[PDB]
């Protein structure tokens, strides 16, 4: 993509297009779909320890940002463009999992209900690190609790996965640029 011509496209977005339009390896697309469907299943049943053990690499960065609304023509104002809703290493994810599982987490009773919808899976091996798998996918995440609370989250995920212990592919980076600037879901206390 020529971002001088395609005026609305970011350099970052153009780089990611190129990664997937080049690759096609249909078996890889299928492996990636399985990986993500299984991950989502673990999360949906709130098997957060299982998720950490089976899906998350020790070197993970799990990052969700919220970008400040700036003028499309802005070129002078240079301060921090985004904040980190999540920017977690493995230990920080573990703290979050322990908080979920603590029997004095009052907000988890009655038990929450999660349903995740994973679509638009794309997969490409890294050019330089032959053991690093790039996976892109979109998620709709539905959270229901306490009779009449329903929150629906929508995001695109840019992942890196790498084979780890036992040859199991695990998440080493997830990046989400959350599309809604002001959240209307009470909080973003869900694993996208």
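In this text, rigid core is short for the largest set of C-alphas that superpose within 1.5 Å between two forms. Residue numbers count along the first chain shown, from 1.
Chemist: After fitting on the rigid core, pick out whichever of 136-144 or 22-30 shows the bigger RMS C-alpha deviation in 8 other deposited structures of this protein.
Modeler: Once the cores are fitted, 22-30 deviates more in 8 other deposited structures of this protein.
Chemist: Mean C-alpha B factor from the entry: is it higher for 10-18 or for 180-188?
Modeler: Going by the record's values, the stretch with the higher mean is 10-18.
Chemist: Out of 28-36 and 154-162, which one has CA B-factors that are higher on average in the deposited record?
Modeler: The deposited B-factors put 28-36 ahead on the C-alpha mean.
Chemist: Among the candidates 115, 108, 73, 87, give the one with the maximum CA B-factor reported in the record.
Modeler: Reading the PDB entry, the winner on C-alpha B-factor is 73.
Chemist: Would you mind finding, among 132, 69, 42, 141, the residue with the largest C-alpha temperature factor in the entry?
Modeler: Comparing C-alpha B-factors across 132, 69, 42, 141, the top value belongs to 132.
Chemist: If you rank the chain by CA B-factor, which third does residue 136 end up in: lowest, middle or highest?
Modeler: For residue 136, the deposited C-alpha B-factor lands in the lowest third.
Chemist: Can you work out whether the C-alpha temperature factor of residue 54 puts it in the lowest, middle or highest third of the chain?
Modeler: Its C-alpha B-factor belongs to the highest third of this chain's values.
Chemist: Compared with the other modelled residues in the chain, in which third is the CA B-factor of residue 123?
Modeler: Middle third, going by the recorded CA B-factors of the chain.
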